[PDB]
Protein chains: 2
Amino acid sequence: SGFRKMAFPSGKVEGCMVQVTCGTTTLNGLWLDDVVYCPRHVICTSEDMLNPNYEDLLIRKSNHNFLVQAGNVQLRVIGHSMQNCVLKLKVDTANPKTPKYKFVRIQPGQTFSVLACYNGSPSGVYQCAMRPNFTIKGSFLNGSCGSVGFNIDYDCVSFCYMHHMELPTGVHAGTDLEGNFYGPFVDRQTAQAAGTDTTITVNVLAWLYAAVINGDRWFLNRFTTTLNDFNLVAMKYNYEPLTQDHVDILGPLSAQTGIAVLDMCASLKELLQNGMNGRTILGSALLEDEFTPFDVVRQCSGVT
Amino acid sequence: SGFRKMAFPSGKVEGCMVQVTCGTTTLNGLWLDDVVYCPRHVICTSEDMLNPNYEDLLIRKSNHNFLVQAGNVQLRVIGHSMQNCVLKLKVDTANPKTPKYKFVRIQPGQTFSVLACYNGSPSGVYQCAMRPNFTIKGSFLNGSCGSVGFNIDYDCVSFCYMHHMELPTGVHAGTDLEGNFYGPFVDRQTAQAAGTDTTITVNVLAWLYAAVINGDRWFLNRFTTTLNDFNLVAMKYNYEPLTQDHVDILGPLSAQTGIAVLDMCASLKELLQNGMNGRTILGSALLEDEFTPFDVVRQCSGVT
Ligand SMILES: *CCC(=O)N(c1cc(C(C)(C)C)on1)[C@@H](C(=O)Nc1ccc(OC)cc1C)c1cccnc1
Ligand SMILES: *CCC(=O)N(c1cc(C(C)(C)C)on1)[C@@H](C(=O)Nc1ccc(OC)cc1C)c1cccnc1
């Protein structure tokens, strides 16, 4: 037992981290097969960030201007192209450590692991969630750009995020591995305010199920509710609306614990209305929303 | 910016995880050089757990009774010995993925990363702290025994913990890599209650410094205190006493933020006495104590 904010083991992704330098800017790149993926803003200088014309800035760059270093050895760049907000640098050597992989674009509410890197070197790994406003609450300093988000299913790494920027509010924005930003963010130093960071209701319910499985049952009550009644309360507290799809996704957890999904919704409703009263659930004094129902099942069953 | 419960990248430790089977029990082992380390309770059956005589149980085991599998290939066991509560199985092949390593016995309050494994396969990584009562609040299911705790300094892995058991209260006990348990716990299925889980004061202060560095400053007040006054309050709230050694360890964070350690203690004192009032610090509604002052500096500086 015990429930922890757990990340996927990062080895498979560590073997893919490289350093990409263009001029004076150095950031992280992801080396899969003979391609290195990195944020296109690696070609930008001090001025450029404010109003960059990437197509124009890219004309002044040749293959030899992109310095790619994997460990302490240099990779030869034989081609370069821009796909949306990522640069793809074709190298002459396939990464011998390329795991089986996919590029996926996740939905908000979905969780993933981030391997935070600096100068192509991994510094740490943590578990994130794509917020409903398409930001991520990460831990990224200057030079962390190019660090990636991923999920692993046995031996296949599904890359879903690449770090590009920090908004003035200390939250983070990035793209999928096709270079498309999550949300409305752009890779320029301009006024970009995030929308309402609503709570991922289905994840809170999944984590309440994890708490019951682990023995924290004080919040379980004698009440039930309906999806419509629950959602009136959820709207009031800036919680995402709960749909029949979410109820279905929670089915295995409801089955394992014997607590009907709507009964857990009524417990969540009373927690929203009354607060925790100084109590904790799974060692937390707030309702945790960065565990999906899949994460709860995986962690509670020991999927390797 | 942003502050996350960050683990060390786990690749170097993933390359060391093996499966050890003795009879019907299968748990995890750590393969460094030509030795595989695992909990000695791998030799125990259903009955044995209650009152095991490990020296007697070990007499009935030969090298061929220990099945060690690294990936899908079997390792040949050429020697076996018991060192305290760990078994050391000498194999005929040195692990080609052995990183530079050390075995360290950490103090309570110190943090570390755990790579939770099942059948020698890594399932997840998370950051822990050795509690002042010598337990760890992990996430471990049956078969997780032999999973290890570690810290990394650039390229050297310092292994500090090996998982052995879960106490009836859902908390975890284990040993260092020399087989010595942390705390008074023993590897037998008996009444073993944990002591008071006090809060690691120096870690809470380090995390309050991390919050100031990241912009969460609402809790900063106009007060100061002394080590003796602060400690009277700390004792009342089951916080560990703060010593001059802890104040010295917080020096770099005090220097970076310009907030004297005793001033941060007075802020912590008011948080203990008044509570959070429904507010959060670094996205948490309670005072976090699983970040050491070294972790705060490492994360805030991007040590790779
Ligand atoms: C690796 C790049 C980097 O450190 N950062 C960055 C990103 C960019 C552009 C060209 C805008 C994509 O330029 N520098 C920064 C970052 O995003 N800083 C930043 C913060 C706030 C604002 O407000 C307008 C603009 C910018 C540029 C970074 C720092 C920490 C974490 N991630 C990224
Ligand atoms: C990998 C071994 C295992 O799953 N567990 C275990 C440990 C042991 C001994 C021989 C006692 C060291 O036997 N089985 C269990 C575990 O420790 N279970 C457990 C819980 C509570 C009590 O109370 C008396 C006794 C025992 C044996 C395990 C389960 C989950 C996480 N870690 C370990």
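What is reported rests on the model, the rules as stated and the sources as named; no laboratory read-out is quoted. Positions of Cβ are backbone-derived with ideal geometry, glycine not excepted, and every protein chain shown enters the neighbour counts.
Observations, loosely collected:
- Selection from the range A:285-304 of residues that are within 11 Å of another protein chain (Cβ to nearest Cβ) and in a helix (DSSP H, G or I): A:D295, A:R298, A:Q299, A:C300, A:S301
- Tally of residues being surrounded by fewer than 16 Cβ atoms within 10 Å (Cβ to Cβ) and among the hydroxyl-bearing types (S, T, Y) across the range B:225-259: 3
- Matching residues, the range B:94-132, being closer than 24 Å to B:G195 by Cβ, crowded, with 18+ Cβ neighbours inside 10 Å and polar (S, T, N, Q): B:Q110, B:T111, B:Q127
- Scanning the range A:1-60 for residues that are without any contact (Cβ under 8 Å) to a residue 24 or more places away in the chain and either on the phi > 0 side of the Ramachandran plot or touching a helix residue (DSSP H, G or I) at 6+ places or on another chain (Cβ under 6 Å) (or both) yields A:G11, A:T25, A:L57.
- Of all residues in the range B:28-48, those satisfying the criterion of being within 24 Å of the chain's Cα centre (by Cα), within 15 Å of ligand 2 (Cβ to nearest atom) and more than 14 Å from chain A (Cβ to nearest Cβ) are B:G29, B:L30, B:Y37, B:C38, B:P39, B:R40, B:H41, B:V42.
- Some residue of the range B:139-151 being assigned by CATH to the domain that holds B:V186, farther than 28 Å from A:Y154 by Cα and within 19 Å of the chain's Cα centre (by Cα): no
- Whichever residue in the range B:156-171 is within 16 Å of ligand 2 (Cβ to nearest atom) and more than 10 Å from the chain's Cα centre (by Cα) and, among such residues, is surrounded by the most Cβ atoms within 10 Å (Cβ to Cβ): B:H164
- Failed item in (1) touching a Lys or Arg at 6+ places or on another chain (Cβ under 8 Å); (2) closer than 30 Å to B:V18 by Cα; (3) among the charged types (D, E, K, R), with A:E290 passing the rest: (2)
- Of the strands (runs of 3 or more DSSP E) lying entirely inside the range A:82-157, those containing at least 2 residues that are within 14 Å of A:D176 (Cα to Cα) and within 14 Å of chain B (Cβ to nearest Cβ) are A:111-118, A:148-153.
- Taken together, B:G143, B:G170, B:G183, B:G138 contain a single residue that is closer than 18 Å to B:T25 by Cβ, more than 16 Å from ligand 1 (Cβ to nearest atom) and small (G, A, S), which is B:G143.
- Qualifying position, being away from ligand 2 (no atom under 14 Å from the Cβ), without any contact (Cβ under 8 Å) to a residue 12 or more places away in the chain and not aromatic (F, W, Y), among B:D176, B:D153, B:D197: B:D153
- Filter result (hydrophobic (A, V, I, L, M, F, W, C) and within 26 Å of A:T111 (Cβ to Cβ)) within the range A:1-35: A:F3, A:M6, A:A7, A:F8, A:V13, A:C16, A:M17, A:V18, A:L27, A:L30, A:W31, A:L32
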